[PDB]
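Enquirer: Before we start, here is the structure in question, set down as structure tokens.
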Amino acid sequence: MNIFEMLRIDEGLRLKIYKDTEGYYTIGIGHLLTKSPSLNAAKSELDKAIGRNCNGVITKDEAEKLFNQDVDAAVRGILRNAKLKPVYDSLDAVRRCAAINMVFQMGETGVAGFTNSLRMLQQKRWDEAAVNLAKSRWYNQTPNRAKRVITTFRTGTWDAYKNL
Ligand SMILES: CCCCCCc1ccccc1
């Protein structure tokens, strides 16, 4: 298991524009195109992202390229964020994947809300962190994914993903 396999399980793979769990136009392996209600706006973003006229459809290779870029961007975002970097640097390799997973899903605008979770993770209080992380819109709206990510933080193992 690695971050690519983990996120591929959590995000799936679809080659045509679809709506994500929040109703937003998305493609590939959880590549958000726009939060605009306009499908035309989403198609413009897709064509810009891929560099050709896609008419709402991409290849698997194109999906995997966007995914590589998106994982890289999630990691760089963590490294650039004064609140996230010290916590990330304190984690082992498996838990670092859980961190990247959350940033990939939610971005960074809600980082302050996770202040207490971050402190518990830095303190290596894994069970307490797991309890705190579940007290969230994130957990309530995507509970199965959140449970997998939280189990990964709690245990530092891939147990929640193995079967998958
Ligand atoms: C969406 C913010 C989640 C913060 C807690 C998990 C995490 C993410 C990134 C680096 C360290 C910890």
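Letters for chains follow the order of the structure tokens (A, B, ...), residue numbers begin at 1 for each chain, and ligand numbers begin at 1 in the order shown.
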Once you count only C-alpha atoms and all ligand atoms, which residues end up within 10 Å of ligand 1, and could you hand them over as number ranges by chain?

Expert: A: 74-75, 77-79, 81-91, 95-122, 129, 133, 138, 149-150, 153

Enquirer: Residues near residue 47 (chain A), anyone? I mean within 12 Å using only C-alpha atoms, not counting same-chain ones fewer than 3 positions away, as a list in words.

Expert: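 Near neighbours after the sequence-gap exclusion: residues 17, 27, 33, 40, 41, 42, 43, 44, 50, 51, 52, 53, 54, 55, 56, 57, 58 and 62 of chain A.
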
Enquirer: Store the residues of this selection in a file with C-alpha atoms, as a PDB file, in the first residue's frame.

Expert:
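Result file out29.pdb:
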```pdb
ATOM      1  CA  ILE A  17     -17.110  14.161 -15.963  1.00  0.00           C
ATOM      2  CA  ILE A  27     -13.110  13.632 -13.353  1.00  0.00           C
ATOM      3  CA  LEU A  33     -12.827  20.605 -11.948  1.00  0.00           C
ATOM      4  CA  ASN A  40     -19.709  24.236 -19.533  1.00  0.00           C
ATOM      5  CA  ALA A  41     -17.432  25.808 -16.907  1.00  0.00           C
ATOM      6  CA  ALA A  42     -16.305  22.324 -15.885  1.00  0.00           C
ATOM      7  CA  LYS A  43     -15.614  21.378 -19.515  1.00  0.00           C
ATOM      8  CA  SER A  44     -13.493  24.527 -19.930  1.00  0.00           C
ATOM      9  CA  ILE A  50      -5.463  18.371 -20.186  1.00  0.00           C
ATOM     10  CA  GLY A  51      -4.408  20.782 -22.940  1.00  0.00           C
ATOM     11  CA  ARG A  52      -6.811  19.581 -25.645  1.00  0.00           C
ATOM     12  CA  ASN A  53     -10.527  19.658 -26.432  1.00  0.00           C
ATOM     13  CA  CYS A  54     -11.828  16.712 -24.399  1.00  0.00           C
ATOM     14  CA  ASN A  55     -15.576  17.253 -24.564  1.00  0.00           C
ATOM     15  CA  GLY A  56     -15.858  15.866 -21.046  1.00  0.00           C
ATOM     16  CA  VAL A  57     -13.944  12.608 -21.520  1.00  0.00           C
ATOM     17  CA  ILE A  58     -10.307  11.651 -20.845  1.00  0.00           C
ATOM     18  CA  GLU A  62      -4.626  11.427 -18.632  1.00  0.00           C
TER      19      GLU A  62
END
```

Enquirer: Among region 42-164 of chain A, which residues does DSSP mark as helix (DSSP H, G or I) when it is run on the backbone? Keep the chain and numbering as in the structure and answer as a PyMOL selection string.

Expert: chain A and resi 42-50+60-80+84-90+93-106+111-122+126-133+137-141+143-155+159-162

Enquirer: Would you output that residue set with C-alpha atoms, as an mmCIF file, in the first residue's frame?

Expert:
```cif
data_model
loop_
_atom_site.group_PDB
_atom_site.id
_atom_site.type_symbol
_atom_site.label_atom_id
_atom_site.label_comp_id
_atom_site.auth_asym_id
_atom_site.auth_seq_id
_atom_site.Cartn_x
_atom_site.Cartn_y
_atom_site.Cartn_z
ATOM 1 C CA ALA A 42 -16.305 22.324 -15.885
ATOM 2 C CA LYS A 43 -15.614 21.378 -19.515
ATOM 3 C CA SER A 44 -13.493 24.527 -19.930
ATOM 4 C CA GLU A 45 -11.477 23.631 -16.832
ATOM 5 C CA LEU A 46 -11.006 20.090 -18.122
ATOM 6 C CA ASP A 47 -9.734 21.254 -21.505
ATOM 7 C CA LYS A 48 -7.319 23.660 -19.782
ATOM 8 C CA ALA A 49 -6.085 20.904 -17.435
ATOM 9 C CA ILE A 50 -5.463 18.371 -20.186
ATOM 10 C CA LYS A 60 -6.787 6.505 -18.224
ATOM 11 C CA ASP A 61 -3.282 7.877 -18.867
ATOM 12 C CA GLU A 62 -4.626 11.427 -18.632
ATOM 13 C CA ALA A 63 -6.470 10.593 -15.409
ATOM 14 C CA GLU A 64 -3.283 9.168 -13.907
ATOM 15 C CA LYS A 65 -1.314 12.260 -14.931
ATOM 16 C CA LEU A 66 -3.801 14.565 -13.181
ATOM 17 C CA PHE A 67 -3.627 12.236 -10.164
ATOM 18 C CA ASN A 68 0.177 12.481 -10.018
ATOM 19 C CA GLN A 69 -0.078 16.270 -10.161
ATOM 20 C CA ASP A 70 -2.800 16.322 -7.516
ATOM 21 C CA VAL A 71 -0.898 14.140 -5.043
ATOM 22 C CA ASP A 72 2.223 16.251 -5.562
ATOM 23 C CA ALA A 73 0.229 19.374 -4.965
ATOM 24 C CA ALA A 74 -1.284 17.976 -1.775
ATOM 25 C CA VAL A 75 2.196 17.144 -0.459
ATOM 26 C CA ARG A 76 3.602 20.546 -1.404
ATOM 27 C CA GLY A 77 0.647 22.217 0.255
ATOM 28 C CA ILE A 78 1.417 20.404 3.493
ATOM 29 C CA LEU A 79 5.089 21.373 3.318
ATOM 30 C CA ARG A 80 4.170 25.036 2.746
ATOM 31 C CA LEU A 84 0.593 21.159 8.852
ATOM 32 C CA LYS A 85 4.302 20.711 8.203
ATOM 33 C CA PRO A 86 5.439 20.097 11.801
ATOM 34 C CA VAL A 87 2.694 17.537 12.342
ATOM 35 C CA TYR A 88 3.417 15.816 9.031
ATOM 36 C CA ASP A 89 7.159 15.709 9.745
ATOM 37 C CA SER A 90 6.429 14.068 13.103
ATOM 38 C CA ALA A 93 5.233 6.878 6.648
ATOM 39 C CA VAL A 94 1.818 5.223 6.955
ATOM 40 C CA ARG A 95 0.283 8.054 8.935
ATOM 41 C CA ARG A 96 1.781 10.545 6.454
ATOM 42 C CA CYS A 97 -0.438 8.899 3.836
ATOM 43 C CA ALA A 98 -3.514 9.480 5.976
ATOM 44 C CA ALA A 99 -2.536 13.151 6.220
ATOM 45 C CA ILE A 100 -2.081 13.480 2.463
ATOM 46 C CA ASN A 101 -5.432 11.744 1.945
ATOM 47 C CA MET A 102 -7.266 14.339 4.050
ATOM 48 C CA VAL A 103 -5.556 17.281 2.301
ATOM 49 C CA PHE A 104 -6.342 15.731 -1.082
ATOM 50 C CA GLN A 105 -10.022 15.442 -0.158
ATOM 51 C CA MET A 106 -10.569 18.747 1.652
ATOM 52 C CA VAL A 111 -7.127 23.500 8.727
ATOM 53 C CA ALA A 112 -7.914 25.707 11.739
ATOM 54 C CA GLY A 113 -10.938 23.545 12.549
ATOM 55 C CA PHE A 114 -8.541 20.610 12.952
ATOM 56 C CA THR A 115 -6.276 22.416 15.434
ATOM 57 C CA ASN A 116 -7.072 20.039 18.272
ATOM 58 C CA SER A 117 -6.709 16.926 16.092
ATOM 59 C CA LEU A 118 -3.347 18.184 14.845
ATOM 60 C CA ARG A 119 -2.093 18.678 18.399
ATOM 61 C CA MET A 120 -3.181 15.169 19.387
ATOM 62 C CA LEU A 121 -1.475 13.698 16.323
ATOM 63 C CA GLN A 122 1.738 15.595 17.119
ATOM 64 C CA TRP A 126 -3.614 8.140 18.555
ATOM 65 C CA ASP A 127 -6.873 7.008 20.147
ATOM 66 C CA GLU A 128 -7.686 10.544 21.298
ATOM 67 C CA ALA A 129 -6.884 11.925 17.852
ATOM 68 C CA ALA A 130 -9.155 9.320 16.270
ATOM 69 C CA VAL A 131 -12.037 10.317 18.538
ATOM 70 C CA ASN A 132 -11.507 14.003 17.804
ATOM 71 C CA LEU A 133 -11.250 13.518 14.024
ATOM 72 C CA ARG A 137 -18.645 17.324 9.072
ATOM 73 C CA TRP A 138 -16.025 15.287 7.186
ATOM 74 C CA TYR A 139 -16.786 12.144 9.138
ATOM 75 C CA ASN A 140 -20.562 12.604 8.963
ATOM 76 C CA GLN A 141 -20.671 13.253 5.217
ATOM 77 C CA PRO A 143 -18.143 8.136 7.084
ATOM 78 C CA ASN A 144 -16.731 5.061 5.384
ATOM 79 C CA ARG A 145 -13.770 6.934 3.930
ATOM 80 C CA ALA A 146 -13.261 8.894 7.136
ATOM 81 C CA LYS A 147 -13.301 5.650 9.133
ATOM 82 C CA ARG A 148 -10.558 4.196 6.903
ATOM 83 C CA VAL A 149 -8.421 7.311 7.181
ATOM 84 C CA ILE A 150 -8.972 7.509 10.957
ATOM 85 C CA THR A 151 -8.097 3.823 11.426
ATOM 86 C CA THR A 152 -4.881 4.528 9.532
ATOM 87 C CA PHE A 153 -4.062 7.373 11.958
ATOM 88 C CA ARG A 154 -5.094 5.274 14.965
ATOM 89 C CA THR A 155 -3.003 2.212 14.099
ATOM 90 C CA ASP A 159 -5.566 -2.615 7.992
ATOM 91 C CA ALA A 160 -8.517 -0.546 6.760
ATOM 92 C CA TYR A 161 -7.363 -0.793 3.149
ATOM 93 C CA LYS A 162 -5.871 -4.294 2.875
#
```

Enquirer: CA of residue 30 (chain A) to CA of residue 136 (chain A): how many Å, to one decimal?

Expert: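 Computing it gives 20.9 Å between the two atoms.
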
Enquirer: Please report the interatomic distance between CA of residue 11 (chain A) and CA of residue 142 (chain A) in Å with one decimal.

Expert: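 These two atoms are separated by 11.5 Å.
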